[PDB]
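For reference, the chains in residue letters:
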There are 2 protein chains.
Amino acid sequence: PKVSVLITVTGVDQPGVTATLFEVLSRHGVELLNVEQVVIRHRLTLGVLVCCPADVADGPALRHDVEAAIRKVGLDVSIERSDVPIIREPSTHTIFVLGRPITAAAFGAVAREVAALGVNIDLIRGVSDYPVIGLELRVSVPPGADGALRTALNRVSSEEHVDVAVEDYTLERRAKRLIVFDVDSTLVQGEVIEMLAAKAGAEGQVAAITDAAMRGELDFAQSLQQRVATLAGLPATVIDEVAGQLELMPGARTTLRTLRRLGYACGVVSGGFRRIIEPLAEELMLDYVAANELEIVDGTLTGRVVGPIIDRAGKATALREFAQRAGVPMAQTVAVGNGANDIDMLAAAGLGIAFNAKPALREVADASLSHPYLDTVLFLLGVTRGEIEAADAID
Amino acid sequence: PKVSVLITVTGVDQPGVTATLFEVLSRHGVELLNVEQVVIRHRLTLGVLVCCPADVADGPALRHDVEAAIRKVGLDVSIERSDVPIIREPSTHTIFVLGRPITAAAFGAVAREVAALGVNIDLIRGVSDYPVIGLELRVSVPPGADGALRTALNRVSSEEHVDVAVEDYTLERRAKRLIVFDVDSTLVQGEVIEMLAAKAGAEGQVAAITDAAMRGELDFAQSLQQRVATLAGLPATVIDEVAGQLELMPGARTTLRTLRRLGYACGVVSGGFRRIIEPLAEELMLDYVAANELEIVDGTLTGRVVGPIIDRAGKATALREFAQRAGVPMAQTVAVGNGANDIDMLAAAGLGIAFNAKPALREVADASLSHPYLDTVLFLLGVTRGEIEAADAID
Ligand SMILES: [Mg+2]
Ligand SMILES: [Mg+2]
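Rules behind the numbers
- Each chain has its residues counted from 1 in the order its sequence is written, and this count may differ from the entry's own numbering; any residue lacking coordinates is left out.
- Each chain gets a letter, beginning with A, and each ligand a number, beginning with 1, in the order they are written.
- Here the side-chain values reflect all heavy atoms present in the structure, with hydrogen atoms and water set aside.
- Residues with missing side-chain atoms are left out of burial classes, side-chain pairs and their counts.
- In this description a helix means any DSSP run of H or I spanning at least four residues, a strand means any run of E spanning at least two, and both kinds are numbered starting from the N terminus.
- Within these notes, the globule rule equals 2.2 Å times the number of residues to the 0.38 power, and the radius of gyration is based on C-alpha atoms.
- Alignment of the copies rests on a least-squares superposition of C-alpha atoms.
- As used in this structure description, the phrase polar contact means that two N or O atoms lie within 3.5 Å; if the pair is within protein, one of them must be able to donate a hydrogen and the other to accept it, and residues adjacent in sequence are counted only when both atoms belong to side chains.
- Think of a salt bridge as a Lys or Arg side-chain nitrogen and an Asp or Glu carboxyl oxygen that are within 4 Å of each other.
- Partly exposed residues are those whose accessible area sits between 20% and 50% of the maximum for their type, while under 20% is buried and over 50% is exposed, using a 1.4 Å probe and protein chains only.
- Each axis is a line fitted through C-alpha atoms, and for a helix only the stretch in contact is used; angles between axes span 0 to 180 degrees, taken between their N-to-C directions.
- Roughly parallel means an angle under 35 degrees; roughly antiparallel, over 145; roughly perpendicular, 65 to 115; everything else is oblique.
- By definition in these notes, contact holds between two residues if any of their heavy atoms fall within 4.5 Å.
- Three classes are used: nonpolar for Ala, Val, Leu, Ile, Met, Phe, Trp, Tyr, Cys and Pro, charged for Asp, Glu, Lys and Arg, and polar for all others, with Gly counted as polar.
- Coordinating N, O and S atoms are those within 2.8 Å of the metal (3.2 Å for Na, K and Ca), and as water is not part of the atoms, a site may appear to have fewer donors than expected.
- For each domain, the first and last residues come from an automatic or database assignment.
- Strand pairing is defined by DSSP finding a minimum of two bridges between the two strands.
- Handedness of a crossover is defined as follows: with both strands directed away from the viewer, a clockwise route from the first strand across the helix to the second makes it right-handed.
- Residue count minus one, scaled by 1.5 Å, sets the expected span of a helix.
- Within this analysis, the arc is defined by the directions that extend from the helix axis to the C-beta atoms.
- Any two of the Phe, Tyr and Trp rings considered here, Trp counted by its six-membered ring, make a pair once their centres fall within 6.5 Å; the pair's planes then place it as stacked at under 30 degrees, edge-to-face at over 60, or tilted in between.
- Either the NZ atom of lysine or the CZ atom of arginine qualifies as a charge over a ring when it sits within 6 Å of the ring centre and within 35 degrees of the ring normal.

## Here's the deal with the overall build of chain A
Counting its regular elements, chain A contains 16 helices and 16 strands. Computed over C-alpha atoms, the radius of gyration of chain A comes to 27 Å, more than 25% over the 21 Å expected from 2.2 N^0.38 for 395 residues, which places it beyond the range of a compact globule. Over its C-alpha atoms, taken along the principal directions, chain A stretches across nearly 95 × 45 × 35 Å.

Structure, rendered in structure tokens:
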């Protein structure tokens, strides 16, 4: 076959259209170069790029056979000489838009910012209807423009009340294989240290300092010392008590379970306390835990921690350690956190996700999530709600 | 917003259409439930499912605003009350069709067999234009019909001279993370044992037995013994000589390199010889080697191997060992081989790929590849040629 022909079928979807076209094409010397077919809301598009004999293409028979067969059953067809890209290039990036709701104005603002920077939209699809509306756009970004893109979509995100994430869509960068979660107000509801403090009747003081520290207004280590000192004199039994009171973030189990299906190494990195966390890590079958450790004398807390202290730099160090042991390059790691002491860890990771985060963190994170559902992380990792439900139904 | 409306835009693709529609929708109380957009060969389809106030939907203004805006620039739009699936379900399987060429008759036969078994085609796209034409169909298979489907497509594949593979498209099953290759006539061109035999002037005898063994006509262990005996009296220097003569299969480096990008554990399992293979495994930075071992006395081959012998069952055992060490469940493993002694290994693996294989193997493999390009394996693993070239250009 010495000449290229492009055949494009559109119209209202009907069964048997696909088979019919290639059966027709088989009466002409047709060999296939590319086929693309989708149906959206009962609208068929079928594009077929072929090679056929010059003799066949320069004759009305191929045309008449195709036009007759397709028009008969009620669709439209176009036929033209090509001689035209065979296969489209991969998208460079993907954009996730999550919201509850996603207004038309929000999405319209995303599409406008995209167009402004010369970014072509290659595909749009929904990735979730629950617990949040989620939409994916795969895009092609002009080289060097993707900084400008992230800045623009960040402005759009704050103004229009949706989450917007722009991620690299290349082969390696999207083979993410390792994830770490902060514990307090990320994997687990609330702040453990405040739960401990309440037992000393110091919930007020400690909560104040915690929120100061999580906004980046206080050095993490000094804030840890001031807060843990509050616990001086509590019996160590308080540790088990609080451990048994802990509630997982909504969507946490689904998140971990789905990540296990995908072969992720999973771990936690916390400035909190190991005796409280390790019990839970075991229950969640995690692969790695880094945390601080309470000092205990004669079955009583002293109000100090045992060095060395996992601080902001310590969390990045822990992630790096974990990924080295697991044999996972940093570019294929994910970190999820909510607070300013997570800043270094999020920056070290391939993908840093700020989850219901203080401004300090959301300001430097690759992506931010604002809804109280930890499983929206999965959407950022290329999973759809449909795929989660299917896998869970298969059990 | 208390009522659902579906808006469907089709026609010749133009810039700014997407932004325009949602800007229009924003003048009505519209919140988004699902957006699907593709462009194929300059044909746009944009389907938008929304919720809006009952008051707005029961009035001509929304309609007129949308119809005017879209028809003006030269596309078509439909608007209708929904009240309709929000997000489509995931496909159950994916079908790969590879050929050189892929005739219209071949693909037509695939589409017909698919339709016959009540299988719906959800998507078609090209995955490669080189070294082979490759097409992907994502499908939804009626429960219990996928055995019948594989049988039908196997008949089609032999008759029409294309490779056809049907794979499960679920979340876990497609997070493949570990792969093993047979060496001889899979990763490496030709048969090492025949190269060794030629040094003894026994290439003829050994080749005969090798091809008998690879077709499953001979017990592998006895055939190994008869063939290695042929080497009795060769100096062990022959091992290095043959090791330096080895040529990788076309596409081997691309295959391994791409699998490394994706975070695969990679290994080889062979009935061949460790002193010949380990040198190469090191060069290819593989994670695991299992092989047999030549007996050497006083720097001379004795013509025997040192037990235990990696036989047909041994290869499955090796794969299982490798996956256990790597922490990879069998369902997420891949095995590639060409011969009958690979039968147990292919059956144990999540995905068993027969590569230019003897009938005995191709008969029980999940998928078969008939072209002399090892990188066509990558297509079966969900990678496109475009993505390989992009990653390689990024270096
Ligand atoms: Mg926290
Ligand atoms: Mg072999």
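## Side note on the relation of the copies chain B and chain A
Of the two same-sequence chains, chain B is brought onto chain A (RMSD 0.0 Å, axial shift 0.0 Å) by a rotation of 180°. Here the symmetry operator amounts to a two-fold rotation axis.

## Some remarks on the side chain of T94 of chain A
Residue and element names in this part refer to chain A. Locating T94 in the fold gives a position in strand 5 (residues 93-99). Among the polar contacts made by the side chain of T94, one reaches the side chain of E136 at a distance of 2.8 Å. Of the polar contacts made by the side chain of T94, one reaches the backbone oxygen of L137; its length is 3.4 Å.

## Focus: the pattern of salt bridges
Evaluated as defined, the whole model comprises 42 salt bridges over all chains. For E36 of chain B, the salt bridge identified is with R88 of chain B, shortest N-O distance 3.1 Å. Its salt-bridge partner being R257 of chain B, residue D392 of chain B comes within 2.8 Å of it at the nearest N-O pair. Note that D392 of chain B is positioned in helix 16 (residues 385-394) and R257 of chain B in helix 10 (residues 252-261), a separation of 135 residues in sequence. Under the relative-accessibility criterion, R257 of chain B is labelled partly exposed at 26%. Here the salt bridges do not stand alone but share partners, grouping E172 of chain A together with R257, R261 and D392 of chain B into one network.

## Focus: the packing of helix 7 (residues 203-214) of chain B against helix 8 (residues 220-229) of chain B
Residue and element names in this part refer to chain B. As a packed pair, helix 7 and helix 8 sit with axes 10 Å apart at the nearest point and diverge in direction by 170°. The orientation of helix 7 relative to helix 8 falls into the category roughly antiparallel. Residue-level contacts link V206, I209, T210, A213 and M214 of helix 7 to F220, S223, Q226 and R227 of helix 8. Grouping the constituent residues of the contact of helix 7 with helix 8 by class yields 5 nonpolar, 3 polar and 1 charged.

## Describing the environment of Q226 of chain A
Within the secondary structure, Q226 of chain A sits in helix 8 (residues 220-229). For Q226 of chain A, a relative accessible area of 45% corresponds to the partly exposed category.

## A short note on the coordination of the magnesium ion (ligand 2)
The coordination sphere of the magnesium ion (ligand 2), as far as protein atoms go, consists of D182 of chain B (OD), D184 of chain B (O) and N338 of chain B (OD1), spread over 2.0 to 2.2 Å. The class for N338 of chain B is buried, based on a relative accessible area of 4%.

## Overview of the domain arrangement of chain A
Reports of interface size often rely on the accessible area that becomes lost once the parts have come together. Residues and elements named next belong to chain A. If you check the domain split of chain A, you get domain 1 (1-90), domain 2 (91-174) and domain 3 (175-395). For domain 2 versus domain 3, the distance between C-alpha centres works out to 27 Å. Opposite the 18 residues of domain 2 that make contact, domain 3 presents 18 residues. Broken down by secondary-structure element, the contributors of at least two residues to the side of domain 2 that touches domain 3 are strand 5, strand 6 (120-128) and strand 8 (163-168). The residue makeup of the side of domain 2 that touches domain 3, split by class, is 8 nonpolar, 2 polar and 8 charged.

## Let's talk about the sheet that holds strand 1 (residues 3-12) of chain A
Spatially, 4(A)-1(A)-3(A)-2(A)-6(B)-7(B)-5(B)-8(B) is the arrangement adopted by the 8 strands of the open sheet, whose pairing is antiparallel. The open sheet has two edge strands, strand 4 (76-81) of chain A together with strand 8 (163-168) of chain B, and neither has a second partner. On average, each strand axis in the sheet is inclined to that of its neighbour by 20°, with strand direction left out of account. Two strands pair when backbone bridges link them, and strand 5 (residues 93-99) of chain B and strand 8 of chain B are joined in this way by 6 bridges, in the antiparallel orientation. Across the sheet, residue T94 of chain B finds its bridge partner in strand 8 of chain B, namely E167 of chain B. Along the sheet, helix 5 (residues 146-160) of chain B makes contact with strand 5 and strand 8 of chain B, crossing strand 8 of chain B at roughly 165°.

## Some points on the interface of chain B and chain A
Opposite the 67 residues of chain B that make contact, chain A presents 67 residues. Broken down by element, the residue count for the side of chain B that touches chain A peaks at 10 residues, all from strand 2 (residues 31-40) of chain B. Partitioned by chemical class, the residues of the side of chain B that touches chain A number 36 nonpolar, 17 polar and 14 charged.

## Section: helix 16 (residues 385-394) of chain A
Three or more residues of helix 16 of chain A are buried, namely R385, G386, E387, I388 and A391 of chain A. Along its buried surface, helix 16 of chain A packs onto strand 6, helix 10 (252-261) and helix 15 (376-380) of chain A.

## Description of the environment of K199 of chain A
Residue and element names in this part refer to chain A. Looking at the element boundaries, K199 is found in helix 6 (residues 192-199). Classification of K199 by relative accessible area gives partly exposed; the value is 47%. For the pair formed by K199 and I239, sequence separation is 40 residues and the distance between their alpha carbons is 10 Å. Once residues within four sequence positions are removed from consideration, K199 is found in contact with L234, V238, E241 and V242.

## Observations regarding the sheet that holds strand 1 (residues 3-12) of chain B
Taking strand neighbours across the sheet as the criterion, the 8 strands line up as 8(A)-5(A)-7(A)-6(A)-2(B)-3(B)-1(B)-4(B) in an open arrangement whose pairing is antiparallel. Where the open sheet ends on each side, the last strands, each with one partner, are strand 8 of chain A together with strand 4 (76-81) of chain B. Pairs of neighbouring strands in the sheet enclose a mean axial angle of 20°, with direction left out of account. By the bridge criterion, 6 bridges tie strand 1 of chain B to strand 4 of chain B in an arrangement that is antiparallel. In the sheet register, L6 of chain B faces strand 4 of chain B, and the bridge partner there is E80 of chain B. Relative to strand 8 of chain A, helix 5 (residues 146-160) of chain A is tilted by about 165°, and along the sheet it contacts strand 5 and strand 8 of chain A.

## Description of the pairing of strand 15 (residues 351-355) of chain A
All names here are of chain A. Across the 5 residues that make up strand 15, a large majority, 5, are buried. Neither face of strand 15 is exposed, since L351, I353 and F355 on one face and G352 and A354 on the opposite face are all buried. Taken together, the 4 bridges between strand 14 (residues 333-337) and strand 15 define a ladder with parallel strand orientation. Residue pairing for strand 15: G337 is matched across the bridge by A354. Read as a crossover between parallel neighbours, the route from strand 14 over helix 13 (residues 343-348) to strand 15 is right-handed. Two strands pair when backbone bridges link them, and strand 15 and strand 16 (residues 367-369) are joined in this way by 3 bridges, in the parallel orientation.

## A word on helix 3 (residues 60-73) of chain B
All names here are of chain B. Its 14 residues give helix 3 an end-to-end C-alpha distance of 20 Å, which sits within 8% of 20 Å, the value for a rise of 1.5 Å per residue. Along helix 3, the residues that are buried comprise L62, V66, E67, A69 and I70. Buried residues along helix 3 cover an arc of 170° about the axis, so they all sit on one side. Exposed and oriented more than 90 degrees from the buried face of helix 3 are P60, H64 and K72. Considering only its buried residues, helix 3 is in contact with strand 1, helix 1 (17-25), strand 3 (43-52), helix 2 (54-57) and strand 4. Positive backbone phi, approximately 105°, marks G74, located one or two places after helix 3.

## Description of the packing of aromatic side chains
Evaluated as defined, the whole model comprises 4 aromatic pairs over all chains. Ring geometry for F107 of chain A and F22 of chain B: centres 5.0 Å apart, planes at 75°, overall edge-to-face. On the criterion of chain membership, the pair formed by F107 of chain A in helix 4 (residues 104-116) and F22 of chain B in helix 1 is interchain, its members lying in two chains. Each member of the pair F107 of chain A and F22 of chain B is classed as buried. Ring centres 4.6 Å apart and planes at 10° place the aromatic pair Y288 of chain B and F322 of chain B in the stacked group. Remark: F322 of chain B occurs in helix 12 (residues 312-326) and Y288 of chain B occurs in strand 11 (residues 288-292); sequence separation between them is 34 residues. For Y288 of chain B, a relative accessible area of 7% puts it in the buried group. Taking relative accessible area as the criterion, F322 of chain B reaches 1% and is therefore assigned buried. The cationic tip of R174 of chain A hangs over the ring face of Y169 of chain A; the distance from NZ or CZ to the ring centre is 4.3 Å.

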